[PDB]
Amino acid sequence: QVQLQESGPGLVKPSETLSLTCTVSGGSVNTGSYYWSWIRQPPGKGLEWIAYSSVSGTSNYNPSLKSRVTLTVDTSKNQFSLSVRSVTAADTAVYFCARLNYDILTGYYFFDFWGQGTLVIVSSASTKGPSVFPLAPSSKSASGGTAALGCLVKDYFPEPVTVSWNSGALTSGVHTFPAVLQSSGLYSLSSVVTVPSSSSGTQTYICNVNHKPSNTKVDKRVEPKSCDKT
Amino acid sequence: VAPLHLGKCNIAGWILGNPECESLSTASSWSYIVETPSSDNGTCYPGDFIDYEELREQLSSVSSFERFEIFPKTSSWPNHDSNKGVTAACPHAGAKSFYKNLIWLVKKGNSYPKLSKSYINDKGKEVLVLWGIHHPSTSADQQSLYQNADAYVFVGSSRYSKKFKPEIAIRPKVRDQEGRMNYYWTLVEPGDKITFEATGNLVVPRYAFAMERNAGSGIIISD
Amino acid sequence: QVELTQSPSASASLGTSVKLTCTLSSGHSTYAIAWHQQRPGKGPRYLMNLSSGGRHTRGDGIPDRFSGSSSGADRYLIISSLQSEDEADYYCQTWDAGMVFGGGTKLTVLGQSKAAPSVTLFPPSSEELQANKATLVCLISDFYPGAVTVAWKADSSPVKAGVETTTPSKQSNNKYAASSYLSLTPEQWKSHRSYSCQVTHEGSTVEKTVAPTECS
Ligand SMILES: *[C@@H]1O[C@H](CO)[C@@H](O)[C@H](O)[C@H]1NC(C)=O
Ligand SMILES: [Ca+2]
């Protein structure tokens, strides 16, 4: 039923203003004894609470960030929104939206629903959309058991990219690896599908790569013709 | 025919139980009251006594008047601190203290759950219940005492019904207090139910008075 | 206002009870708290709230085996019959003037059976070579424990320049993984008969090997 989901740019340049927006389904930001809250987790570290506001009642802020944040609620769209001014690299984090439950009967204040979280990088460095290349399955894989084929998504910034297969259809056998960060300061990753080695001739595999910060979406068909093109 | 002598206290002091008014407390019956007019042993924590003049005419002559522990202190408030509610504004002989017929409930640790408490007037006479509503000076003061920034109180009988919310605000220091506390009361018909419900800011009744008020007027006469 | 202190790490064996600890700062021993679980790379999930005197009240759909208790300023989260999907960071949180969190306690669940890695090695794509680049990708998956040393070979002798290898990470299968990318020029790629990546894990090496220019 109740779901929260964050949205905003993946990347923001220093001293500009970071601006996210949570969107609530399964419930309303007017009803209930609830507050609508923001929490961030800078990479590798712990959860930090930023602030909450409710439609009616009192808002509350983390004192070391109060001066730089502004919270708003859009009753009609069932949204609430965080705005942080004058960002630096130390604002680089995954931002989570969440419902803070003032449970009247106990007096407890506990986050009972969390968003999936959205990454925000604070860098002067500009975005770089990836190149996508197909990793065709060899003949050492196709004989008695099982074969592997895939996509290489090379040289992007910042993270992340999202990779699906057959527009969302294929999920068992898919395995998208964590990226590597290269000397270059650009990221590269690979998604692999282990498969029935049917020879994979007409059995169609298309990986779908999305890097939001560069508006790059790309559908490379992994033409499983193992290099033998023309 | 035998008046109620309040000494250095006024009605407010006596009926709340300011700690200087303990000596002469409950005479059983009286035809008129003698008090000290505008003594400062009325309300030791600053604020406004609502429907005060109505109460005076009410208390001026009584045919019987029995004090009782409507909400006994060590029983009725298991999820609220019924002990920290004291103040240097209401000093009693060395320590910080408070009115004897009310309790200033505050949070237990971290969390102030909705309280709710009822009393049905079984006593056959009318019952005088008094209570208080605390207005902290700052948001911090509110969260210190009650936790709940967004708190309310509700008092209700079949005749009475009010919802209070605290006006949080720094007011002139009086007796070292920048917050204020208002005092209210209602007479509970026999067989009627009074109901408290709060998430903060409620100074609950501890003692109430079952009374049989007299015909027409009593008279209140000052020193 | 209050602070919460959790030591950063805990470990325990599958099937056991584990008792994670949150410690309220001095002068807040009567406070109540909540507990949350963050599995790796996901959002947290509320588990329960917890009173100063040990009453725990689970969230929706959180199993029976999660529970909690209190002793003085300490607040405990008991996970009984511990399962490999409990490997996660557990944050306590409370409230005072603000909402506050603990630093988290990363729980590691021990007892899962040793598994050797599963390497699959791709050569450069025709597309990439045509772009005057060449990358070999050696993709390693399904190992426990996560200590893995990777070694590239050009023909039969070691490669020094070119290589970038990810540190290993737990996965949906509750087994570790890693990528290793070797970056060459096409000309270097074609200067040898075969490259190999060699994953050695628990003193035991798995090899794969690729060659170039037979296709057309
Ligand atoms: C009672 O009265 C005197 C002066 O009239 C005042 O100084 C004192 O603080 C009062 N005490 C209380 C508890 O109200
Ligand atoms: Ca009245």
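A short reminder: the numbers here are calculations on the coordinates, not readings from a lab. A quick note on method: Cβ atoms are made from the backbone with ideal geometry, for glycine too, and the neighbour counts reach across all protein chains shown.
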Exercise. Out of residues 5 or more away from residue A:165 or on other chains, whose amide H comes under 5 Å of its own, with H placed 1.01 Å from N in the peptide plane?
Worked result: A:170, A:208
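Please report the relative contact order for the range A:124-175, taking Cα pairs under 8 Å with a sequence separation of at least 6, and give it as a percent rounded to a whole number. Display every interim value, and only then the final one.
Numbers: 50 pairs, mean separation 19.2, N = 52.
Relative contact order comes out at 37 percent.
For a Förster distance of 30 Å, can you work out the FRET efficiency between the beta-carbons of residue C:26 and residue B:88, rounded to the nearest 0.05? Please list the in-between numbers first.
Values: r = 26 Å, r/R0 = 0.86.
So the FRET efficiency works out to roughly 0.70.
For the protein assembly as shown, what Kirkwood radius comes out of the mean inverse Cα-Cα distance, in Å?
The answer is 30.2 Å.
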For this session: Report the full-extension gain for the segment residue B:150 to residue B:31: residue separation times 0.36 nm, less the Cα-Cα distance, to one decimal in nm.
Result: 38.3 nm
Problem set entry | Distance from the range C:81-135 to the range A:1-43 (C-alpha centre basis), Å | 24 Å
Problem set entry | Zone residues, the range A:132-149, relative to residue A:228, backbone N less than 11 Å from point 7 Å out along Cα-to-Cβ | A:139
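Please average, across the residues of B:39-50, the number of beta carbons from any other chain that are within 10 Å of each residue's own beta carbon, and give a whole number. Intermediate values should be presented prior to the final figure.
Working: counts 0, 0, 0, 0, 0, 0, 0, 0, 0, 0, 0, 0.
The shielding value for this peptide is 0.
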For this session: Work out Dmax and Rg for the range C:1-111 from the C-alpha atoms and quote the Rg first, both in angstrom.
Result: 13.1, 42
For this session: Specify the inter-centroid distance of the range C:1-77 and the range B:141-184, based on alpha-carbon positions, in whole Å.
Result: 35 Å
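First measure r as the distance between the Cβ atoms of residue C:213 and residue C:17, then evaluate 1/(1 + (r/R0)^6) with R0 = 60 Å and state the FRET efficiency to the nearest 0.05.
Working: r = 60 Å, r/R0 = 1.00.
Calculated transfer efficiency: 0.50.
Please compute the average number of Cβ atoms from other chains found within 10 Å of each residue's Cβ in peptide C:90-96. If you can, show how the numbers build up before the last one.
Values: counts 0, 4, 0, 6, 6, 12, 6.
Per residue, the number of nearby Cβ atoms from other chains is 5 on average.
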Exercise. Over all residues in A:173-183, what is the mean tally of Cβ atoms on other chains that come within 10 Å of each residue's Cβ?
Worked result: 4
Exercise. Arranged by the count of other C-beta atoms within 10 angstrom, fewest first, what order do B:196, A:96 take?
Worked result: B:196, A:96
For this session: Mind listing the long-range amide H neighbours of residue C:104? Cut-off is under 5 Å, sequence gap 5 or more, other chains count too, H placed in the peptide plane at 1.01 Å from N.
Result: C:6, C:92
Exercise. In percent, how large is the relative contact order of chain A, given Cα pairs closer than 8 Å and 6 or more residues apart?
Worked result: 19 percent
For this session: Kindly state, to the nearest 0.05, the FRET efficiency for residue B:165 paired with residue B:75, given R0 = 30 Å and r defined as their beta-carbon distance.
Result: 0.60
Seminar exercise, completed: Excluding residues fewer than 8 positions from residue B:125 in its own chain, the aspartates and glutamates with Cα under 14 Å of it are B:66, B:189, B:192, B:212
Exercise. On average over all directions, what projected area in square nanometres does the range C:33-178 have, based on the convex hull of its Cα atoms?
Worked result: 14.0 nm²
Problem set entry | Spacing of the two label points (7 Å from each Cα toward its C-beta) at residue A:170 and residue B:174, in nm | 7.9 nm
Seminar exercise, completed: Of the listed pairs B:100/B:193; B:84/B:108; B:107/B:165; B:8/B:100, those with alpha carbons more than 21 Å apart are B:100/B:193
Exercise. Which order results if A:36, B:185, C:152 are arranged by neighbouring Cβ count within 10 Å, fewest first?
Worked result: C:152, B:185, A:36
For this session: For residue A:11, enumerate residues with amide H under 5 Å from its amide H, sequence gap 5+ or separate chain, H modeled in the peptide plane.
Result: A:121
Problem set entry | Helix-only [θ]222 nm of the protein assembly as shown, DSSP H runs n ≥ 4, -39500 (n - 2.57) each, per residue, nearest 500 | -1000 deg cm²/dmol
Exercise. If the cut-off is 28 Å between C-alpha atoms, which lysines fall inside it for residue C:208, apart from same-chain ones fewer than 8 positions away?
Worked result: A:140, A:154, A:220, A:225, A:229, C:114, C:133, C:153, C:160, C:170, C:175, C:190
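Would you work out the relative contact order for chain C, in percent, from Cα pairs under 8 angstrom that are 6 or more residues apart?
Relative contact order for chain C comes out at 18 percent.
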For this session: Could you state the orientation-averaged shadow area of the convex hull built on the Cα atoms of the range C:112-216, in nm² to one decimal?
Result: 7.2 nm²
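Cα convex hull of the range C:23-86: mean projected area in nm², to one decimal? Before the final figure, lay out each step's value.
Numbers: hull surface 19.0 nm².
Average projection, Cα convex hull of the range C:23-86: 4.7 nm².
Taking every pair of distinct Cα atoms and averaging 1/r, then inverting, what Kirkwood hydrodynamic radius in Å comes out for the range C:1-43? Before the final figure, lay out each step's value.
Working: mean 1/r = 0.0774 Å⁻¹.
With all distinct Cα pairs of the range C:1-43 included, I get 12.9 Å.
Among DSSP beta bridges lying fully in the protein assembly as shown, give the percent that are antiparallel, nearest 5.
Numbers: 177 of 190 bridges.
Taking every DSSP beta bridge within the protein assembly as shown, about 95 percent pair in antiparallel fashion.
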Seminar exercise, completed: With T = 4 °C, eta = 1.567 mPa s and Kirkwood Rh from C-alpha pairs, the Stokes-Einstein D of the range A:125-230 in µm²/s is about 90 µm²/s
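Within 15 Å, Cβ to Cβ, of residue C:73, how many net charges do the neighbouring residues add up to if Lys/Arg are +1 and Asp/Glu are -1?
Working: positive: C:75; negative: C:3, C:74, C:96.
Counting the neighbours of residue C:73, the net charge comes to -2.
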For this session: Could you order peptides B:129-138, B:74-83 by the average number of other Cβ atoms within 10 Å of their residues, highest first?
Result: B:129-138, B:74-83
For this session: Round to a whole angstrom and tell me the spacing of the C-alpha centers of the range C:143-179 and the range B:108-136.
Result: 69 Å
Problem set entry | residue C:174 versus residue C:130: modelled label distance in nm, points set 7 Å from Cα along the beta carbon direction | 4.6 nm
For this session: Would you kindly give the portion of the calculated P(r) for chain B that falls above 29 Å, as a percent of all Cα pairs?
Result: 25 percent
